[PDB]
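Asker: Contents are PDB, C-alpha atoms (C1' of nucleotides); file name data00.pdb:
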MODEL        1
ATOM      1  CA  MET A   1       0.000   0.000   0.000
ATOM      2  CA  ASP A   2       1.934   2.996  -1.352
ATOM      3  CA  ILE A   3       1.013   6.508  -2.482
ATOM      4  CA  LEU A   4       3.317   8.692  -4.552
ATOM      5  CA  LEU A   5       3.222  12.387  -3.694
ATOM      6  CA  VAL A   6       4.870  15.010  -5.903
ATOM      7  CA  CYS A   7       4.655  18.800  -5.656
ATOM      8  CA  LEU A   8       4.812  20.817  -8.879
ATOM      9  CA  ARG A   9       5.746  24.505  -8.953
ATOM     10  CA  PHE A  10       4.318  26.130 -12.081
ATOM     11  CA  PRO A  11       3.421  29.561 -13.478
ATOM     12  CA  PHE A  12       0.149  28.480 -15.089
ATOM     13  CA  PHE A  13      -1.955  25.562 -16.255
ATOM     14  CA  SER A  14      -4.455  26.004 -19.081
ATOM     15  CA  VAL A  15      -6.337  22.699 -19.058
ATOM     16  CA  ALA A  16      -9.944  23.562 -19.848
ATOM     17  CA  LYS A  17     -13.447  22.189 -20.353
ATOM     18  CA  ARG A  18     -15.288  21.608 -23.613
ATOM     19  CA  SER A  19     -15.910  25.178 -24.713
ATOM     20  CA  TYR A  20     -15.750  27.403 -27.780
ATOM     21  CA  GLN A  21     -13.796  30.648 -28.123
ATOM     22  CA  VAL A  22     -12.939  30.759 -24.430
ATOM     23  CA  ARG A  23     -11.598  27.424 -23.211
ATOM     24  CA  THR A  24     -12.973  27.449 -19.669
ATOM     25  CA  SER A  25      -9.967  26.465 -17.570
ATOM     26  CA  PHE A  26     -10.442  23.852 -14.859
ATOM     27  CA  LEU A  27     -10.595  25.113 -11.295
ATOM     28  CA  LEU A  28      -8.229  22.229 -10.440
ATOM     29  CA  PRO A  29      -6.251  19.962 -12.802
ATOM     30  CA  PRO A  30      -8.235  16.956 -14.034
ATOM     31  CA  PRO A  31      -7.521  13.300 -13.259
ATOM     32  CA  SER A  32      -7.092  12.642 -16.992
ATOM     33  CA  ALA A  33      -4.202  15.093 -17.360
ATOM     34  CA  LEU A  34      -2.552  13.746 -14.210
ATOM     35  CA  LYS A  35      -2.771  10.195 -15.572
ATOM     36  CA  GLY A  36      -1.418  11.310 -18.942
ATOM     37  CA  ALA A  37       1.547  12.993 -17.263
ATOM     38  CA  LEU A  38       2.968   9.829 -15.727
ATOM     39  CA  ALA A  39       1.895   7.861 -18.801
ATOM     40  CA  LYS A  40       4.209  10.130 -20.800
ATOM     41  CA  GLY A  41       6.888   9.725 -18.143
ATOM     42  CA  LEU A  42       6.759   5.928 -18.232
ATOM     43  CA  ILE A  43       6.655   5.697 -22.028
ATOM     44  CA  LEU A  44       9.660   8.038 -22.156
ATOM     45  CA  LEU A  45      11.669   6.100 -19.563
ATOM     46  CA  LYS A  46      11.069   2.582 -20.940
ATOM     47  CA  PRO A  47      10.013   2.486 -24.608
ATOM     48  CA  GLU A  48      10.945  -1.201 -24.729
ATOM     49  CA  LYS A  49       7.307  -2.351 -24.631
ATOM     50  CA  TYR A  50       5.186   0.663 -23.612
ATOM     51  CA  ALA A  51       5.919   2.365 -26.963
ATOM     52  CA  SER A  52       4.096   1.020 -30.026
ATOM     53  CA  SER A  53       3.814   2.088 -33.659
ATOM     54  CA  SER A  54       0.911   4.468 -32.980
ATOM     55  CA  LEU A  55       1.592   7.246 -30.477
ATOM     56  CA  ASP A  56      -2.102   7.433 -29.580
ATOM     57  CA  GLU A  57      -2.304   3.658 -29.120
ATOM     58  CA  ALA A  58       0.846   3.619 -26.979
ATOM     59  CA  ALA A  59      -0.476   6.427 -24.778
ATOM     60  CA  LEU A  60      -3.871   4.733 -24.463
ATOM     61  CA  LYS A  61      -2.345   1.392 -23.463
ATOM     62  CA  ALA A  62      -0.047   3.128 -20.966
ATOM     63  CA  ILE A  63      -3.127   4.810 -19.488
ATOM     64  CA  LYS A  64      -4.902   1.444 -19.323
ATOM     65  CA  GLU A  65      -1.939  -0.121 -17.517
ATOM     66  CA  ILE A  66      -1.590   2.756 -15.051
ATOM     67  CA  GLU A  67      -5.328   2.748 -14.305
ATOM     68  CA  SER A  68      -5.146  -1.015 -13.795
ATOM     69  CA  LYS A  69      -2.419  -0.302 -11.237
ATOM     70  CA  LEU A  70      -4.655   2.344  -9.632
ATOM     71  CA  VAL A  71      -6.933   1.189  -6.821
ATOM     72  CA  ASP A  72      -9.798   3.011  -8.562
ATOM     73  CA  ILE A  73     -10.470   5.018 -11.703
ATOM     74  CA  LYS A  74     -11.068   8.101  -9.513
ATOM     75  CA  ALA A  75      -7.778   7.904  -7.624
ATOM     76  CA  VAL A  76      -5.475  10.882  -8.230
ATOM     77  CA  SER A  77      -6.031  13.880  -5.954
ATOM     78  CA  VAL A  78      -4.665  17.423  -5.811
ATOM     79  CA  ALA A  79      -4.040  19.900  -2.990
ATOM     80  CA  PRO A  80      -4.717  23.621  -3.652
ATOM     81  CA  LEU A  81      -2.370  24.823  -0.914
ATOM     82  CA  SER A  82      -1.459  27.920  -2.911
ATOM     83  CA  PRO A  83      -4.208  30.372  -3.932
ATOM     84  CA  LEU A  84      -5.934  29.783  -7.268
ATOM     85  CA  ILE A  85      -6.605  32.808  -9.481
ATOM     86  CA  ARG A  86      -7.622  33.268 -13.115
ATOM     87  CA  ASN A  87      -6.429  35.753 -15.734
ATOM     88  CA  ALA A  88      -7.386  36.411 -19.354
ATOM     89  CA  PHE A  89      -5.032  36.745 -22.323
ATOM     90  CA  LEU A  90      -5.756  37.613 -25.946
ATOM     91  CA  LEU A  91      -3.859  35.091 -28.074
ATOM     92  CA  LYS A  92      -3.577  34.833 -31.846
ATOM     93  CA  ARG A  93      -4.696  31.179 -31.663
ATOM     94  CA  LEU A  94      -5.544  30.735 -35.346
ATOM     95  CA  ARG A  95      -8.684  28.598 -35.630
ATOM     96  CA  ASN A  96      -7.946  26.814 -38.901
ATOM     97  CA  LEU A  97      -9.390  23.489 -37.705
ATOM     98  CA  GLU A  98     -12.755  24.637 -39.081
ATOM     99  CA  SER A  99     -13.740  22.861 -42.295
ATOM    100  CA  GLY A 100     -13.067  25.539 -44.915
ATOM    101  CA  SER A 101     -11.723  29.092 -44.965
ATOM    102  CA  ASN A 102      -8.383  27.892 -46.436
ATOM    103  CA  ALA A 103      -5.293  28.172 -44.220
ATOM    104  CA  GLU A 104      -4.351  31.888 -44.406
ATOM    105  CA  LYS A 105      -7.040  32.985 -41.933
ATOM    106  CA  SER A 106      -6.164  34.801 -38.700
ATOM    107  CA  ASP A 107      -8.880  34.922 -36.022
ATOM    108  CA  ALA A 108      -7.660  36.790 -32.956
ATOM    109  CA  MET A 109      -9.110  34.687 -30.160
ATOM    110  CA  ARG A 110      -9.038  34.908 -26.376
ATOM    111  CA  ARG A 111      -8.163  32.409 -23.651
ATOM    112  CA  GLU A 112      -7.647  32.370 -19.878
ATOM    113  CA  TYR A 113      -4.967  30.831 -17.668
ATOM    114  CA  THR A 114      -4.937  29.792 -14.016
ATOM    115  CA  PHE A 115      -2.196  31.146 -11.750
ATOM    116  CA  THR A 116      -1.092  29.284  -8.622
ATOM    117  CA  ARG A 117       2.217  29.236  -6.757
ATOM    118  CA  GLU A 118       2.432  25.442  -6.469
ATOM    119  CA  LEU A 119       0.355  22.283  -6.142
ATOM    120  CA  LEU A 120       0.666  18.781  -4.702
ATOM    121  CA  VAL A 121      -0.614  15.697  -6.534
ATOM    122  CA  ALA A 122      -0.998  12.153  -5.205
ATOM    123  CA  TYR A 123      -0.775   8.852  -7.111
ATOM    124  CA  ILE A 124      -2.187   5.964  -5.065
ATOM    125  CA  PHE A 125      -0.824   2.568  -6.147
ATOM    126  CA  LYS A 126      -1.300  -0.993  -4.898
ATOM    127  CA  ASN A 127       1.596  -3.283  -3.868
ATOM    128  CA  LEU A 128       3.882  -2.172  -6.698
ATOM    129  CA  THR A 129       7.086  -4.180  -7.034
ATOM    130  CA  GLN A 130      10.438  -2.477  -6.487
ATOM    131  CA  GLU A 131      11.689  -3.319  -9.994
ATOM    132  CA  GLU A 132       8.883  -1.081 -11.279
ATOM    133  CA  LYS A 133       8.651   1.089  -8.149
ATOM    134  CA  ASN A 134      12.014   2.674  -8.958
ATOM    135  CA  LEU A 135      10.878   3.317 -12.537
ATOM    136  CA  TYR A 136       7.632   4.905 -11.327
ATOM    137  CA  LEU A 137       9.570   7.080  -8.873
ATOM    138  CA  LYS A 138      11.762   8.190 -11.776
ATOM    139  CA  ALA A 139       8.615   8.883 -13.823
ATOM    140  CA  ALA A 140       7.165  10.974 -10.981
ATOM    141  CA  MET A 141       9.437  13.818 -12.081
ATOM    142  CA  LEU A 142      10.067  14.792 -15.735
ATOM    143  CA  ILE A 143       6.509  16.200 -15.712
ATOM    144  CA  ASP A 144       7.580  19.301 -17.603
ATOM    145  CA  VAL A 145       4.147  20.408 -18.855
ATOM    146  CA  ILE A 146       0.524  20.027 -17.749
ATOM    147  CA  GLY A 147      -2.211  20.549 -20.328
ATOM    148  CA  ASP A 148      -1.314  23.347 -22.731
ATOM    149  CA  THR A 149       2.319  23.368 -23.838
ATOM    150  CA  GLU A 150       2.910  26.942 -22.664
ATOM    151  CA  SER A 151       1.860  25.847 -19.145
ATOM    152  CA  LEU A 152       5.233  24.614 -17.931
ATOM    153  CA  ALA A 153       5.321  22.636 -14.678
ATOM    154  CA  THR A 154       8.367  21.888 -12.515
ATOM    155  CA  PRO A 155       8.230  19.013  -9.994
ATOM    156  CA  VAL A 156      10.673  19.916  -7.220
ATOM    157  CA  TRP A 157       9.917  17.124  -4.723
ATOM    158  CA  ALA A 158       8.519  13.617  -5.139
ATOM    159  CA  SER A 159       8.407  10.866  -2.535
ATOM    160  CA  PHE A 160       6.687   7.714  -1.282
ATOM    161  CA  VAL A 161       5.065   8.384   2.104
ATOM    162  CA  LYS A 162       2.613   5.993   3.752
ATOM    163  CA  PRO A 163      -0.708   7.304   5.122
ATOM    164  CA  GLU A 164      -0.004   5.546   8.459
ATOM    165  CA  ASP A 165      -3.769   5.888   9.097
ATOM    166  CA  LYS A 166      -3.791   9.401  10.540
ATOM    167  CA  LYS A 167      -6.863  11.475  11.387
ATOM    168  CA  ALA A 168      -7.210  14.969   9.924
ATOM    169  CA  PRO A 169      -9.727  17.137   8.061
ATOM    170  CA  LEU A 170      -9.921  16.378   4.356
ATOM    171  CA  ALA A 171      -7.462  18.418   2.284
ATOM    172  CA  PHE A 172      -6.817  16.521  -0.956
ATOM    173  CA  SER A 173      -9.477  16.554  -3.652
ATOM    174  CA  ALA A 174     -12.003  13.727  -3.837
ATOM    175  CA  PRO A 175     -15.052  12.757  -5.914
ATOM    176  CA  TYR A 176     -18.400  14.042  -4.682
ATOM    177  CA  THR A 177     -19.362  10.707  -3.105
ATOM    178  CA  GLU A 178     -18.402  10.730   0.585
ATOM    179  CA  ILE A 179     -18.649  14.518   0.961
ATOM    180  CA  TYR A 180     -22.401  14.223   0.418
ATOM    181  CA  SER A 181     -22.338  11.589   3.177
ATOM    182  CA  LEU A 182     -20.336  13.972   5.420
ATOM    183  CA  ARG A 194     -19.389  26.478   0.446
ATOM    184  CA  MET A 195     -19.717  23.170  -1.413
ATOM    185  CA  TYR A 196     -18.454  22.981  -4.998
ATOM    186  CA  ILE A 197     -19.561  20.626  -7.779
ATOM    187  CA  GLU A 198     -17.561  19.972 -10.948
ATOM    188  CA  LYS A 199     -16.974  17.504 -13.778
ATOM    189  CA  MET A 200     -13.382  16.888 -14.852
ATOM    190  CA  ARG A 201     -13.547  14.013 -17.392
ATOM    191  CA  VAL A 202     -12.070  11.187 -15.304
ATOM    192  CA  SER A 203     -10.489   9.418 -18.260
ATOM    193  CA  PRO A 204      -8.971  10.927 -21.421
ATOM    194  CA  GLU A 205     -11.280  10.824 -24.429
ATOM    195  CA  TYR A 206     -10.063   8.803 -27.412
ATOM    196  CA  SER A 207     -11.905   7.657 -30.528
ATOM    197  CA  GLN A 213     -16.490   8.617 -17.867
ATOM    198  CA  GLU A 214     -17.778  11.808 -16.232
ATOM    199  CA  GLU A 215     -18.648  11.823 -12.531
ATOM    200  CA  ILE A 216     -19.658  14.483 -10.019
ATOM    201  CA  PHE A 217     -16.536  15.779  -8.265
ATOM    202  CA  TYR A 218     -16.323  17.709  -5.009
ATOM    203  CA  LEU A 219     -13.916  20.635  -5.136
ATOM    204  CA  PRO A 220     -12.129  21.572  -1.869
ATOM    205  CA  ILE A 221     -11.740  25.331  -2.366
ATOM    206  CA  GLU A 222     -13.748  28.155  -0.801
ATOM    207  CA  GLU A 223     -13.871  31.910  -1.293
ATOM    208  CA  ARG A 224     -12.094  34.496   0.871
ATOM    209  CA  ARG A 225     -12.250  38.023  -0.567
ATOM    210  CA  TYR A 226      -9.406  40.022   0.952
ATOM    211  CA  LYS A 227      -8.384  41.660  -2.343
ATOM    212  CA  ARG A 228      -9.872  42.491  -5.753
ATOM    213  CA  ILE A 229     -10.085  38.910  -7.019
ATOM    214  CA  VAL A 230     -11.690  36.684  -4.393
ATOM    215  CA  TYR A 231      -9.570  33.636  -5.387
ATOM    216  CA  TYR A 232      -9.813  30.467  -3.299
ATOM    217  CA  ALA A 233      -8.345  28.811  -0.213
ATOM    218  CA  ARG A 234      -8.973  25.892   2.125
ATOM    219  CA  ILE A 235     -12.591  25.000   2.871
ATOM    220  CA  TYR A 236     -11.428  22.373   5.454
ATOM    221  CA  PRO A 237     -14.028  19.623   4.905
ATOM    222  CA  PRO A 238     -14.723  17.324   7.884
ATOM    223  CA  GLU A 239     -12.346  14.824   9.458
ATOM    224  CA  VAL A 240     -11.506  11.667   7.504
ATOM    225  CA  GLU A 241     -10.088   8.344   8.653
ATOM    226  CA  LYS A 242      -7.036   8.524   6.355
ATOM    227  CA  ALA A 243      -4.439  11.289   6.351
ATOM    228  CA  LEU A 244      -0.897  11.982   5.163
ATOM    229  CA  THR A 245       1.834  13.926   6.969
ATOM    230  CA  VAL A 246       4.272  16.206   5.129
ATOM    231  CA  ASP A 247       6.817  18.498   6.852
ATOM    232  CA  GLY A 248       4.843  18.386  10.106
ATOM    233  CA  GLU A 249       1.415  19.194   8.622
ATOM    234  CA  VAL A 250      -1.263  16.500   8.343
ATOM    235  CA  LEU A 251      -3.756  16.552   5.465
ATOM    236  CA  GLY A 252      -6.815  14.390   4.917
ATOM    237  CA  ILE A 253      -7.300  11.944   2.054
ATOM    238  CA  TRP A 254      -9.948   9.401   1.065
ATOM    239  CA  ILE A 255      -9.384   6.103  -0.745
ATOM    240  CA  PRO A 256     -11.947   3.421  -1.773
TER     241      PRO A 256
ATOM    242  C1'   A B   1       3.569  12.495 -25.026
ATOM    243  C1'   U B   2      -2.077  15.363 -20.788
ATOM    244  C1'   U B   3      -9.036  17.714 -25.779
ATOM    245  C1'   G B   4      -3.622  18.290 -26.008
ATOM    246  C1'   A B   5      -1.295  18.684 -30.867
ATOM    247  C1'   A B   6      -0.282  23.457 -35.450
ATOM    248  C1'   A B   7      -0.340  29.558 -33.819
ATOM    249  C1'   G B   8       3.292  37.300 -33.381
ATOM    250  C1'   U B   9      -2.787  40.535 -31.458
ATOM    251  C1'   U B  10       0.918  41.278 -36.277
ATOM    252  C1'   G B  11       2.956  44.777 -39.535
ATOM    253  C1'   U B  12       3.568  50.933 -41.067
ATOM    254  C1'   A B  13       3.211  56.142 -37.620
ATOM    255  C1'   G B  14       7.951  62.966 -35.014
ATOM    256  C1'   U B  15       2.724  66.234 -30.842
ATOM    257  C1'   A B  16       4.940  68.629 -34.881
ATOM    258  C1'   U B  17       5.406  73.416 -37.123
ATOM    259  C1'   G B  18       6.368  79.651 -36.481
ATOM    260  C1'   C B  19       6.840  82.288 -30.537
ATOM    261  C1'   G B  20      12.431  88.424 -27.879
ATOM    262  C1'   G B  21      10.428  87.623 -20.658
ATOM    263  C1'   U B  22       9.971  92.521 -24.362
ATOM    264  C1'   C B  23      10.174  98.089 -24.329
ATOM    265  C1'   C B  24      11.482 103.156 -20.270
ATOM    266  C1'   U B  25      14.727 103.659 -15.265
ATOM    267  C1'   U B  26      20.956 108.255 -11.580
ATOM    268  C1'   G B  27      20.882 104.524  -5.326
ATOM    269  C1'   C B  28      19.857 110.321  -6.645
ATOM    270  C1'   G B  29      20.584 115.280  -3.712
ATOM    271  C1'   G B  30      23.105 118.134   1.177
ATOM    272  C1'   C B  31      27.621 116.762   4.837
ATOM    273  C1'   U B  32      34.647 120.455   8.333
ATOM    274  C1'   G B  33      36.671 113.234  11.911
ATOM    275  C1'   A B  34      36.745 119.691  13.470
ATOM    276  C1'   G B  35      38.070 123.086  17.480
ATOM    277  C1'   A B  36      42.230 123.680  22.233
ATOM    278  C1'   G B  37      47.892 121.702  22.915
ATOM    279  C1'   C B  38      55.954 124.206  25.226
ATOM    280  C1'   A B  39      59.310 117.498  24.661
ATOM    281  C1'   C B  40      58.899 121.197  28.250
ATOM    282  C1'   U B  41      61.700 122.267  32.953
ATOM    283  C1'   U B  42      67.636 121.361  35.971
ATOM    284  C1'   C B  43      73.171 120.456  33.407
ATOM    285  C1'   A B  44      81.419 122.505  33.244
ATOM    286  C1'   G B  45      83.473 116.748  29.474
ATOM    287  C1'   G B  46      85.054 117.772  34.183
ATOM    288  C1'   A B  47      89.124 117.649  37.458
ATOM    289  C1'   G B  48      95.609 116.423  37.484
ATOM    290  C1'   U B  49     100.132 117.784  33.614
ATOM    291  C1'   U B  50     108.236 120.502  31.834
ATOM    292  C1'   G B  51     108.407 117.599  24.298
ATOM    293  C1'   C B  52     110.550 114.699  28.950
ATOM    294  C1'   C B  53     115.583 114.587  29.243
ATOM    295  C1'   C B  54     122.734 114.175  27.151
ATOM    296  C1'   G B  55     125.148 118.073  22.858
ATOM    297  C1'   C B  56     132.815 121.677  20.540
ATOM    298  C1'   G B  57     131.449 121.319  12.139
TER     299        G B  57
ENDMDL
END
Show how you would write the structure in this file as structure tokens.
Answerer:
Amino acid sequence: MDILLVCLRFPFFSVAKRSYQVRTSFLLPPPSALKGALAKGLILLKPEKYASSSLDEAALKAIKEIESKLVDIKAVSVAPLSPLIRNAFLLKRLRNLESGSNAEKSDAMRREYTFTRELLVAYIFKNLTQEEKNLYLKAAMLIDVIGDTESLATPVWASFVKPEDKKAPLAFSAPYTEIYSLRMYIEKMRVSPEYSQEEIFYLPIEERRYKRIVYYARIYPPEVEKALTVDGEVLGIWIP
RNA sequence: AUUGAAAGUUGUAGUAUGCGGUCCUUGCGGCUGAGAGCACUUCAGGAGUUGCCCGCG
């Protein structure tokens, strides 16, 4: 029973919903992007068998393997320790994917990014063997980008720390299943990547307007049976 | 290699042109550092003294 925990320090992340013109950025990074990150890491480290002729097929099979290793499909969780704010940028973003209008068209479009000092993400695994545990620890880092390419991400620390069955208020994100069982946020973040499913997610951020933008901070949901300790601070977490 | 992948919010643009801090103006006129005033009053270069001493055109 092991859980990877890696903290990423990034300027922005621009992963967004299904939307036109504006790509409505997620309030917190989705499980699908988090799974794809270590899928890319593992296919980069060992292309001996995880890399196939089709890049899409190789990524999809890596995702299948990593989700088979996950205790549940809704496993990865994030910690919004730093404040979450949103800003809007006008980007050239030529929209030539439309059927027609040649290729010399320039539609000035507009997008928004999410600013946050840093985040922590958890990868819960079951009884992974050391011969692959070292490889997965190596793949924990090398997560250079999350979502949009311009949204660089830098993992500074990554480690394997056991929950030890501590008691603390919930801090990590969790699906909206036990929170209903016991300022409440409801979202949908596309659990698995879509390739040629969606479940109600509780979002652990609340509003505190001290400045112009209200941004978000800890809502401190109730106490949970499982918790994780990092640098002297204990944070709640739920697993199936 | 994350609904991500391809992508300039891009190229060209003088706050610029003529516009006296300008023309007249006494720091000007009158004005005793002047009047009174002993370097004065007392005073010996003074008292002693053999050109000295010998001499046949």
Asker: Quick check on the file I pasted: which residues fall under the PyMOL selection byres ((chain A) within 7 of (chain B))? Write them as a ChimeraX atom specification.
Answerer: /A:32-34,36-37,40,90-94,108,146-148
Asker: Name the residues in contact with residue 55 in chain A at a cut-off of 10 Å, using all atoms listed in the file, excluding same-chain residues fewer than 5 positions from it; report them as a list in words.
Answerer: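 The residues that qualify are residues 43, 60 and 61 of chain A; 1 of chain B.
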Asker: Just to confirm, what's the straight-line distance from CA of residue 121 in chain A to CA of residue 145 in chain A in Å (one decimal)?
Answerer: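 Pair CA of residue 121 in chain A / CA of residue 145 in chain A returns 14.0 Å.
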Asker: Just the residues within 8 Å of residue 105 in chain A, please, counting all atoms listed in the file, with nothing from its chain fewer than 3 positions along; format it as a ChimeraX atom specification.
Answerer: /A:94-96,101-102
Asker: From the set A:170, A:39, A:195, A:103, which residue has the shortest atom-to-atom contact distance to residue 56 in chain A, counting all atoms listed in the file?
Answerer: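 Nearest to residue 56 in chain A: A:39.
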Asker: Can you list what the PyMOL selection byres ((chain A and resi 169) around 6) grabs from this structure, as an NGL selection string?
Answerer: :A and (168 or 170 or 237-240 or 252)
Asker: Write a file of the selected residues as a PDB file, in the frame of the given file, keeping C-alpha atoms.
Answerer:
ATOM      1  CA  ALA A 168      -7.210  14.969   9.924  1.00  0.00           C
ATOM      2  CA  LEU A 170      -9.921  16.378   4.356  1.00  0.00           C
ATOM      3  CA  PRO A 237     -14.028  19.623   4.905  1.00  0.00           C
ATOM      4  CA  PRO A 238     -14.723  17.324   7.884  1.00  0.00           C
ATOM      5  CA  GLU A 239     -12.346  14.824   9.458  1.00  0.00           C
ATOM      6  CA  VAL A 240     -11.506  11.667   7.504  1.00  0.00           C
ATOM      7  CA  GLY A 252      -6.815  14.390   4.917  1.00  0.00           C
TER       8      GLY A 252
END
Asker: Where does the PyMOL selection byres ((chain A and resi 127-136) around 10) land in this file, that is, which residues does it pick, as an NGL selection string?
Answerer: :A and (1-4 or 38-39 or 41-42 or 45-46 or 69 or 125-126 or 137-141 or 160)
